[PDB]
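Colleague: below you'll find the sequence and an experimental structure to go with it.
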Amino acid sequence: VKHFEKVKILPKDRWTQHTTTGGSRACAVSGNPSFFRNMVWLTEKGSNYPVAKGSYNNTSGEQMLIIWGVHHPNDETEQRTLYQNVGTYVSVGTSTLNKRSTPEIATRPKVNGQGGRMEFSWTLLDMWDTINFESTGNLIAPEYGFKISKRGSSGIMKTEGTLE
Amino acid sequence: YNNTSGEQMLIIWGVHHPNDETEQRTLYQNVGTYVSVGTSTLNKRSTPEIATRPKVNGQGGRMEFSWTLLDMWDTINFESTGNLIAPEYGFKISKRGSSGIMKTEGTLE
Amino acid sequence: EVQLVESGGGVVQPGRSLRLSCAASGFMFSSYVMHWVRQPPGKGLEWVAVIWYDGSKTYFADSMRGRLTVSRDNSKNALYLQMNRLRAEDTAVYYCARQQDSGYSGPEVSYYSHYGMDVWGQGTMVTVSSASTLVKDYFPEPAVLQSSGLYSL
Amino acid sequence: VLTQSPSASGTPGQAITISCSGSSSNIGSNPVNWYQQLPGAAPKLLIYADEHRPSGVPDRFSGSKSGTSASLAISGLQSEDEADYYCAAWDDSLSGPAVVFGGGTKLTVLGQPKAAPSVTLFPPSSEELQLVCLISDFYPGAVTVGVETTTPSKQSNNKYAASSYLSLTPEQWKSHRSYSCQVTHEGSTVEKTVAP
Ligand SMILES: *[C@@H]1O[C@H](CO)[C@@H](O[C@@H]2O[C@H](CO)[C@@H](O[C@@H]3O[C@H](CO[C@H]4O[C@H](CO)[C@@H](O)[C@H](O)[C@@H]4O)[C@@H](O)[C@H](O)[C@@H]3O)[C@H](O)[C@H]2NC(C)=O)[C@H](O)[C@H]1NC(C)=O
Ligand SMILES: *[C@@H]1O[C@H](CO)[C@@H](O[C@@H]2O[C@H](CO)[C@@H](O[C@@H]3O[C@H](CO[C@H]4O[C@H](CO)[C@@H](O)[C@H](O)[C@@H]4O)[C@@H](O)[C@H](O)[C@@H]3O)[C@H](O)[C@H]2NC(C)=O)[C@H](O)[C@H]1NC(C)=O
């Protein structure tokens, strides 16, 4: 891959029923809690966490890379405070794909002062195909997807050096 | 376990997969159990898949074992409501080096 | 070495106002919603106020209506309390405490409500009297002080 | 406000339980934390969100909640466990959201025999131009006697002390209800009554 066009598929503002403005101190930008610029971390709004739904038909004109996370809380407490109801799940599907993942919970060593974890997955969404998310919690959503613009023999070079 | 050993440590754990709900109850009491392992890098919450299987060693149940390498100074966490086969031990790596596993029917002279 | 240190305490005359600070160290201040709570001298604890990590929202005790400004400077690791129209009741030790969260920071109280106050300062004592300068009705400083702003035992 | 048992005491090795109660507003909706204040010093959080303890806290301590009430337990008892204990819960009342604290509880490990106080009265002196009930020693503290009373104090003999004073608009009414200072050890409330 030689180029990407970054498309806004599922805009932050389109979830009126959940809290999209949450962040963490592990992503902190100059002391202030932040999060992945390309992701939305959904939490309860008004003590409720209604089913979250989103879909994208691909009008981009080319294939699109899409990524989503699922949050794995440190304890049942965290699960409740964040997503309210337990026994949650995250569902993604397309012409070819199926996943319903459940939030594995384990007490883990603090990493970045964080016992929770986020498991991300990706897929290639074909032209004219459609992606479906629905979840009752622990869903880290894409606000974006990457359309493949230019294609070609290329590579990833591992070096400590700089561009002259 | 926090790792004070001074080197990396191999750790193994099992999860029991009973032949029937009966066995599950008699052994672990409550059903809808689970087994949770975690470290700086790792996460698993496994649930005890139950199936009636052919007797093997006169045993219809099974045990699924998993392992990991626990880094120096890192910490391993287990918690489970049942079907957990726990390590009483772990293996610290003492000596390191080009070596191998040789398959032979022969003996040491 | 995670700690909070309260300063500004002292004597204040009733009808006047008091200004207090708290110095945070050994952790990231701007990610933590912070607390003011006071313990009158020998009586129990009283919640005073709360200020959000980003300073976006404040909540005051019903006791504090109309007398209270609470602010924070994140870059200075500073907590600021300013309270008007004081009285004998307001006499107490003053505490700056840190509200604990999961990893997570957000606008809703629903998150933090499950937790609370994993670190405190050693406090700063405030005494309200218009006075100044057996044994009875004496100054300055087992004793106890009456409504006259005076000490005796 | 929340509410707790007035005081408590027990023995080394013994397990003891302190309670907290309050409105559907606070505890009924929002959960509860427990703080521990050792004497001469500042609070430190014992328990958060009902059951859960933080790091650095021994296992003997643990607690719970049901309905609008919550409870705290110490499974075994060391001298280090002597302090004041506070339940606290978020309210979500009106006027607005707010934290709320229980009044408090003091407990005593009983590192010694019990006792009963010395209380004496000494009415107003005849200098008298226009009171003092002192309990001269006792264990443990918290004797719960122009109302003024001091906070039970440590001393050499390793029992405690205290003082209480009143007033006057200098007459005689009380009498004949007079002057008393009846003070209570949980175990006897006791009467020193003297004076006109
Ligand atoms: C996601 O959105 C897409 C575009 O908005 C949808 O793709 C289109 O879907 C419609 C109906 O499902 C199809 O309409 C049919 O067109 C055929 C033949 O059309 C010819 O020309 C188109 C380009 O315009 C070409 O793609 C075809 O191969 C044909 O050569 C007619 O015979 C039918 O009567 C009907 O009009 C479109 O063909 C289709 N576009 C493409 C690129 O194939 C898609 O359906 C949406 N997905 C979902 C789940 O709704
Ligand atoms: C598991 O147990 C381990 C050992 O008991 C813990 O490792 C130690 O953790 C403490 C605090 O978390 C760290 O203490 C800090 O030390 C640094 C600098 O120390 C320097 O020297 C040490 C060797 O003694 C070296 O490892 C460091 O790289 C430094 O060169 C101070 O700046 C801090 O103020 C503080 O004192 C230890 O550094 C750390 N040891 C190691 C090997 O890194 C570990 O925390 C435990 N894990 C859990 C989950 O509790």
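Modeller: Arrived safely. Numbering: from 1, shown residues only, chains lettered A, B, ... in the order given. Ligands and ions are numbered 1, 2, ... in the order given.
Colleague: can you give me the strands for the chain?
Modeller: Because you didn't say which chain, this covers chain A. Assigned by DSSP state E, the strands in chain A fall at A:4-8, A:18-19, A:23-29, A:32-34, A:39-41, A:43-44, A:52-57, A:64-72, A:90-94, A:97-101, A:117-125, A:130-135, A:139-142, A:144-148.
Colleague: actually chain C
Modeller: C:3-7, C:10-12, C:18-25, C:34-39, C:46-51, C:58-60, C:68-73, C:78-83, C:92-98, C:104-105, C:119-120, C:124-128, C:144-145, C:151-152.
Colleague: for chain A, which residue gets nearest to ligand 1?
Modeller: residue A:57 (3.6 Å; C-beta to the nearest ligand atom). C-beta here means a position set from N, CA and C on the backbone, and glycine is covered the same way.
Colleague: ok so, going back, make JSON lines from the strands of chain C and add mean neighbour count and distance to residue D:16 to it.
Modeller: Below are these laid out as JSON lines (neighbours: other C-beta atoms under 10 Å in any protein chain shown; distance: least, C-beta to C-beta, whole Å):
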{"stretch": "strand C:3-7", "mean neighbour count": "18", "distance to residue D:16": "31"}
{"stretch": "strand C:10-12", "mean neighbour count": "16", "distance to residue D:16": "40"}
{"stretch": "strand C:18-25", "mean neighbour count": "18", "distance to residue D:16": "34"}
{"stretch": "strand C:34-39", "mean neighbour count": "24", "distance to residue D:16": "24"}
{"stretch": "strand C:46-51", "mean neighbour count": "23", "distance to residue D:16": "26"}
{"stretch": "strand C:58-60", "mean neighbour count": "18", "distance to residue D:16": "35"}
{"stretch": "strand C:68-73", "mean neighbour count": "17", "distance to residue D:16": "38"}
{"stretch": "strand C:78-83", "mean neighbour count": "20", "distance to residue D:16": "36"}
{"stretch": "strand C:92-98", "mean neighbour count": "24", "distance to residue D:16": "26"}
{"stretch": "strand C:104-105", "mean neighbour count": "24", "distance to residue D:16": "36"}
{"stretch": "strand C:119-120", "mean neighbour count": "21", "distance to residue D:16": "25"}
{"stretch": "strand C:124-128", "mean neighbour count": "18", "distance to residue D:16": "32"}
{"stretch": "strand C:144-145", "mean neighbour count": "18", "distance to residue D:16": "30"}
{"stretch": "strand C:151-152", "mean neighbour count": "18", "distance to residue D:16": "37"}
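Colleague: ligand 1 is nearest to which of those strands?
Modeller: That would be strand C:104-105 among the strands of chain C, by C-beta to the nearest ligand atom, at 35.7 Å.
Colleague: re earlier: would JSON lines of the strands of chain C with distance to residue A:151 be doable?
Modeller: Listed next are those as JSON lines, based on distance: least, C-beta to C-beta, whole Å:
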{"stretch": "strand C:3-7", "distance to residue A:151": "57"}
{"stretch": "strand C:10-12", "distance to residue A:151": "72"}
{"stretch": "strand C:18-25", "distance to residue A:151": "52"}
{"stretch": "strand C:34-39", "distance to residue A:151": "52"}
{"stretch": "strand C:46-51", "distance to residue A:151": "52"}
{"stretch": "strand C:58-60", "distance to residue A:151": "54"}
{"stretch": "strand C:68-73", "distance to residue A:151": "51"}
{"stretch": "strand C:78-83", "distance to residue A:151": "54"}
{"stretch": "strand C:92-98", "distance to residue A:151": "52"}
{"stretch": "strand C:104-105", "distance to residue A:151": "40"}
{"stretch": "strand C:119-120", "distance to residue A:151": "54"}
{"stretch": "strand C:124-128", "distance to residue A:151": "66"}
{"stretch": "strand C:144-145", "distance to residue A:151": "83"}
{"stretch": "strand C:151-152", "distance to residue A:151": "85"}
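Colleague: one step back: grab the nearest non-local neighbour of the residue of chain A closest to ligand 1.
Modeller: Nearest residue to residue A:57 in three dimensions, chain neighbours excluded: residue A:130, at 4.8 Å (C-beta to C-beta, 6 or more residues apart in numbering or on different chains).
Colleague: then residue D:7?
Modeller: Residue D:7 sits nearest to residue D:142 (C-beta to C-beta, 6+ apart), 4.6 Å away.
Colleague: mind giving me the domain split of chain D?
Modeller: D:1-111, D:112-196 (curated CATH domains).
Colleague: of the ones you listed, which is nearest ligand 1?
Modeller: It is, among the domains of chain D and with distance given as C-beta to the nearest ligand atom, domain D:1-111, at 43.8 Å.
Colleague: how far does that closest one sit from the chain's center?
Modeller: Distance, stretch centre to chain centre, for domain D:1-111: 13 Å (C-alpha atoms, centre = their mean, to the nearest Å).
Colleague: what of stretch A:148-164?
Modeller: The answer for stretch A:148-164 is 25 Å, by C-alpha atoms, centre = their mean.
Colleague: around chain B, pick out the residues from chain D.
Modeller: Within chain D, not a single residue sits near chain B (C-beta under 8 Å from any C-beta of the partner chain).
Colleague: how much space separates the residue nearest to residue A:57 from chain B?
Modeller: 30 Å (C-beta to the nearest C-beta, to the nearest Å).
Colleague: Provide a list of residues in contact with the residue most central in space within chain C.
Modeller: Residue closest to the average C-alpha location in chain C (C-alpha atoms, centre = their mean): residue C:94, at 3.7 Å. Counting by C-beta atoms under 8 Å, 6 or more residues apart in numbering or on different chains, residue C:94 touches C:6, C:9, C:20, C:36, C:38, C:48, C:81, C:123-126.
Colleague: now with 10 Å?
Modeller: C:6-9, C:18, C:20, C:22, C:36-39, C:48, C:81, C:83, C:121, C:123-126 (C-beta atoms under 10 Å, 6 or more residues apart in numbering or on different chains).
Colleague: got it, and residue C:115?
Modeller: Shown in contact with residue C:115 (C-beta under 10 Å, 6+ apart): A:77-78, A:81, C:33, C:99-102, D:31, D:33, D:45, D:48-49, D:52, D:54, D:90.
Colleague: list the ones among the residues you listed that fall in helices.
Modeller: Using DSSP state H, A:77-78, A:81 are the members of the contacts of residue C:115 that sit in helices.
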